[PDB]
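Only one chain comes next, encoded as structure tokens, the form deposited in one PDB entry.
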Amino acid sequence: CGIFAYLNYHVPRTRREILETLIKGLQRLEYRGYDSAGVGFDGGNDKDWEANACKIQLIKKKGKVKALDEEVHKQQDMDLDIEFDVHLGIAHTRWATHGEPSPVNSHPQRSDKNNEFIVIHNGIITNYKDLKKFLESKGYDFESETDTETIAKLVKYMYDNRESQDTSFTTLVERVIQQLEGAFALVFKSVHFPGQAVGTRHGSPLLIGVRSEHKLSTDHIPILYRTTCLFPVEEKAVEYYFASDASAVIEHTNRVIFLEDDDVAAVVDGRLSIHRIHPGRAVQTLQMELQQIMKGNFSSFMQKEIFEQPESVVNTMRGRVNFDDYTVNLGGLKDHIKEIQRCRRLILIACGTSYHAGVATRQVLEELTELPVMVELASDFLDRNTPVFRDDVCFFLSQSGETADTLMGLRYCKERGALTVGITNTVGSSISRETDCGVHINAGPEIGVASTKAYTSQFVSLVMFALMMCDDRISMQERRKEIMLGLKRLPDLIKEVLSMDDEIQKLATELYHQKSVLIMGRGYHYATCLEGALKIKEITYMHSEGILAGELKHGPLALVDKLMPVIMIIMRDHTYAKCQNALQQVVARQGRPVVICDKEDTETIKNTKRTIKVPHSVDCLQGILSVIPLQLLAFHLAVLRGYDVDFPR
């Protein structure tokens, strides 16, 4: 699930320091969930590091990384004070798929009892059955029920059947991946190629970080097919960081290379080259900081990411909104904003909360672009073979940028010649690369299990795009100004909503024992219902459902009685009167609902017992304020019930 490897080339490091780096690397990957982890490093206790490069030691264990950290330092036959001028250590966290969690089934997987080759793997090898039969017929005995082991045994098969005594480590791996089917991110290590690393991916992220106090030969690595590689110029010293997630690299360096499918990256004599069976891979700078993946003073990542939303919203608008002259500029669309305006339809495709962001901005997109806006769930979009045309603009909302159904929707539309735009939050992700253009919502990494700041950052990003699509219309200047003053005031308004956290805990204690809750709303807050009810489902495990208010009299209103908890959303927009009508329909049937409304709606505050009173904003922005109380309610309910809000489940 998580991969991290640390190669120090002519940068002296003691075995203690190497192990602490690997463990610290896995600590940055734990948030993805896992059941076991392991490390691989050169063994032996010969004081000269050059003689220990033929003994690979492994320490794998089922449990948390801490237990692994304890097992590392709990080795009597291991001297931690040996200094290695050159060394490659690899680490891995496992999410079991093939084989039950156990030390044997943990990574790194070895090629034999002498550990001539070891490999860490993220993904699944579909044809591991056949590959295992073939290697067993050639005389290789397996010890684990993991598909990963077939990789270790196979690379040794190529090595044992090499035509020349000096075939490259790269050539060996090329022959392995050419026999593999499915998805995989791999890092290899071998006693026969000491100090060298080989990384390759297909359908799984893999990146390489680099650091050196010396100048590097290039910032754009060219691809080599079967002056050209990356290395420090005047000296040898250099450090490489293979990782499946930037979060494990950023504290050491912000210079990274994102590998692409079928890339085979190799480090030989401290020089990094990328082979493939003038295109090149860029060495780019990440704007990510270690502080963005730490809880800080908060007790959970969920709490942090909700309460930091005044900051994340500001990070989303930075360099993109100019309140001094009411102009909007998404740099990611400069070379495509012209074509997009000559198109005839917008299609927003996403899963889960990302899809709700589409619903939350569909109206304002229709208002300002005057174009048809169709919001689709990616899985259903694929089932129906939806008609798509060359003059369609297709947005793909995805925080991770790797969600399969959304990604497959992306590739579907590209085949039909539509113009594709990625709204992502993960640099280097598949959806950010394969779209024609895109916007990075720059909300910072989302470490929590549920989407909190990503939903509101997507909300803001799509509103900003809408503002770009009508920057030439005289009749809409006023409307644009109204909206951008609302964005100017939004962060302060979000703080105001968070300052009512106390009022929300009271509501949580009132719903502590409840099993169902109906969340009602219409117009700009239809999405607020759905997203609220999804959060309370995902985090609290109670049956929260979002009900479009205009639909009550067509059936759903039958659930209302004096026992069914109800939360209604009644804001000061054009649907105010209609929402009041829905409230009367509920109360008329013995419903006693909790209402989320504007601070100054004196009428409903008096006639309704419990009301959450949020500040008034622009109609097409209220959704951001009205959803936060529901984020907090889901958070507090889970806490009251003893759940771990940072646990996937």
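All residue numbers are counted from 1 along the displayed sequence.
- Coordinates are lacking for 10 or more deposited residues between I277 and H278.
- Unmodelled deposited residues between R226 and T227: 10 or more, per the record.
- Remark: stretch with higher mean C-alpha B factor among 22-30 and 596-604 is 596-604.
- Judged by mean Cα B factor in the deposited record, 161-169 ranks above the other of 301-309 and 161-169.
- For the set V517, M476, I82, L498, the maximum C-alpha B-factor listed in the entry falls on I82.
- The PDB entry assigns the greatest CA B-factor among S432, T93, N114, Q292 to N114.
- When the modelled residues of the chain are ordered by C-alpha B-factor, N45 sits in the highest third.
- Per the PDB record, residue ranking by Cα B-factor puts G550 in the lowest third of the chain.
- Among all modelled residues in this chain, the alpha-carbon of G63 has a temperature factor (C-alpha) in the highest third.
- When the modelled residues of the chain are ordered by C-alpha B-factor, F4 sits in the middle third.
- Ranked by C-alpha B-factor against the other modelled residues of its chain, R281 falls in the middle third.
This next part talks about the form solved in complex with a small molecule, which is not shown.
- The small molecule in the entry with it bound comes within 4.5 Å of a heavy atom belonging to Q287.
- Put simply, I250 is far from the small molecule in the entry with it bound: not one heavy atom of it is within 4.5 Å.
- Proximity of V427 to the small molecule in the entry with it bound: non-hydrogen atoms within 4.5 Å are present.
- Remark: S432 counts among the residues lining the small molecule in the entry with it bound, judged by a heavy atom distance of 4.5 Å or less.
- Stretch 324-332 is the contacting one of 492-500, 565-573, 324-332, 361-369, since its residues have non-hydrogen atoms within 4.5 Å of the small molecule in the entry with it bound.
- Interface residue among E376, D436, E545, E174 relative to the small molecule in the entry with it bound, by the heavy atom within 4.5 Å criterion: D436.
- Out of the listed residues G209, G422, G523, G89, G422 is the one that sits within 4.5 Å of the small molecule in the entry with it bound by at least one heavy atom.
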